[PDB]
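Each answer follows from the model by the rule given with it, or from the source it names; no laboratory instrument gave them. Please note: Cβ atoms are built from the backbone with ideal geometry, for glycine as well, and neighbour counts cover all protein chains shown.
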DNA sequence: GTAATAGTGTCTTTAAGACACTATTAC
DNA sequence: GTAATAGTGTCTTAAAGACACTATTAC
Ligand code: NA
């Protein structure tokens with residue numbers, strides 16, 4: 001081993017992306033903010049994914065609905081002690097699902113993505129986060145994967161705004177709706193949610209939203 | 001460490017993909033065919049990529065023009081001797097650039113992709129290879145990355161046929177030519193290659209072919 | 001009624017598919 | 001001339017952009 005498994009976990013709340021951060025309880029950089037993650041445990045971990053799920057669960061108490069391997073970083077500069085390797089994942093979950101737990105804890109917090117990009121973070125985690133969010137931004141163009149950051153069920157303009165924040169620009173609502181109906185990835189619950197407008201349909205994500213990719217990108 | 005760094009290295013020759021295999025010089029499964037790869041050497045390797053390149057160069061004497069990290073596999077099943085982690089890459093290079101040297105050698109061979117899918121390979125390298133070509137097949141739909149498997153310069157129908165083999169079906173020549181023209185990724189050498197037909201333009205790949213993605217997928 | 005937010009109709013625009021038509025070589 | 005392979009012109013199709021329109025709530 002000597003290897004590490006980290007995760008960049010995103011969610012959406014307050015019309016913004018937040019990212020889960022954990023304050024190191026060990027040297028070096030004890031008390032610096034970093035990504036959740038840690039060493040492999042061969043007694044309970046049977047795959048790398050099992051590890052990153054365990055590290056997340058140990059902080060949020062829930063297994064997130066979406067988890068993709070992002071990349072692995074390894075070199076002799078990211079850590080002053082020498083050669084270090086991290087297998088990094090990207091994940092999405094809903095904010096309510098775990099806000100309650102992380103709040104009664106001080107070494108764990110949802111941070112506003114936008115802020116984070118200004119905080120000094122452990123090792124190369126800032127870069128990893130940027131990489132994660134870039135890849136996420138890509139998925140905004142050709143999947144409905146961002147949906148996994150919402151609570152279920154959700155309205156279509158909720159989903160849309162999440163995409164909009166990721167692309168940093170508005171999206172033709174009509175285009176979005178067309179794509180959604182076509183891709184046949186949402187389950188209409190028949191319920192509605194009203195918030196200062198016409199009541200909007202509430203939908204749940206079909207599982208294969210994770211694997212489904214659009215043939216054309218948005219712009 | 002204890003980690004390993006492998007590569008699925010493809011090329012194209014005789015209207016088919018071949019993949020570089022290396023016969024294990026060590027136990028276990030000594031003499032079984034597997035991917036080129038190996039341990040990290042902290043004296044001379046400074047990033048993971050430097051490792052994989054060194055492992056490839058040690059067998060081909062050529063640094064491949066395209067290399068992207070595929071994924072990292074780690075669990076307790078793929079190796080009977082317990083927990084095992086491989087960081088695996090996908091690479092492309094041209095066949096002639098390398099054939100000469102590797103024929104001089106016996107524990108190294110270009111294999112026809114189509115065949116490899118039948119012979120037994122070390123550990124989980126079969127799956128890795130399939131992931132590799134699956135993703136390569138994806139790139140055929142929305143990049144010109146397959147080009148890196150050809151020798152420079154090459155004709156557009158040469159490039160096209162490579163895509164066609166990856167997609168396992170024929171492609172509309174006009175569509176391809178439009179896409180290529182629009183993406184402004186080829187350099188016309190003003191040279192021509194005549195082979196049983198009208199002479200065809202010879203082209204070189206602009207470096208940024210590696211990162212360029214089309215807005216719409218082919219079908 | 002109005003303000004607000006959800007959702008549609010429909011036209012224009014983009015880029016791919018289909019495929020017949022031309023071009024340039026060896027013979 | 002024919003056969004072969006490279007490359008075009010152009011109509012049709014699929015799916016996004018733009019944007020005016022209707023719908024359904026709270027007040
Ligand atoms: Na990866």
Q. Scanning segment A:40-67 for residues that are within 14 Å of another protein chain (Cβ to nearest Cβ) and in contact with a helix residue (DSSP H, G or I) (Cβ under 8 Å, 6 or more places away or on another chain), which turns out nearest to residue A:129 (Cα to Cα)?
A. A:67
Q. Residue A:161 fails exactly one of the following numbered conditions: (1) away from DNA strand C (no atom under 11 Å from the Cβ); (2) touching a residue at least 12 places away in the same chain (Cβ under 8 Å); (3) surrounded by fewer than 19 Cβ atoms within 10 Å (Cβ to Cβ). What is the number of that condition?
A. (1)
Q: Examine segment A:103-119 for a residue that is buried (at least 21 other Cβ atoms within 10 Å of the Cβ) and either within 12 Å of chain B (Cβ to nearest Cβ) or out of contact with any strand residue (DSSP E or B) (no Cβ under 7 Å at 6 or more places or on another chain) (or both), and state whether such a residue exists.
A: no
Q: For segment A:201-211, indicate whether the set of residues that are in a helix (DSSP H, G or I), within 16 Å of DNA strand C (Cβ to nearest atom), over 30 Å from residue B:47 (Cβ atoms) and more than 14 Å from chain B (Cβ to nearest Cβ) is non-empty.
A: no
Q.
Show the residue pairs meeting these rules: Cβ distance below 6 Å; 6+ apart or different chains; first residue within segment A:199-219 and free of Cβ contacts under 8 Å to residues at least 40 places away in the same chain; second residue part of a loop (DSSP other than H, G, I, E, B) and within 13 Å of DNA strand D (Cβ to nearest atom).
A. A:206/A:185; A:215/B:217
Q | Verdict on residue A:86 being within 16 Å of DNA strand D (Cβ to nearest atom), surrounded by 15 or more Cβ atoms within 10 Å (Cβ to Cβ) and outside the structural domain of residue A:160 (by CATH) | A | no
Q: Answer yes if at least one residue in segment B:72-92 is away from chain A (no Cβ under 14 Å) and touching a helix residue (DSSP H, G or I) at 6+ places or on another chain (Cβ under 6 Å), and no otherwise.
A: yes
Q | Residues of segment B:180-200 that turn out to be surrounded by 11 or more Cβ atoms within 10 Å (Cβ to Cβ) and within 12 Å of DNA strand C (Cβ to nearest atom), as a count | A | 8
(Q) Between B:178, B:198, which is away from every other protein chain (no Cβ under 14 Å) and part of a loop (DSSP other than H, G, I, E, B)? (A) B:198
Q: Test residue A:143 against the stated conditions and say whether it is farther than 24 Å from residue A:18 by Cβ, within 16 Å of DNA strand D (Cβ to nearest atom) and within 14 Å of chain B (Cβ to nearest Cβ).
A: no
Q | Residues (in a strand (DSSP E or B), under 18 Å from residue A:21 (Cα atoms) and over 13 Å from the mean Cα position of the chain (by Cα)) located in segment A:68-111 | A | A:86, A:87, A:108, A:109
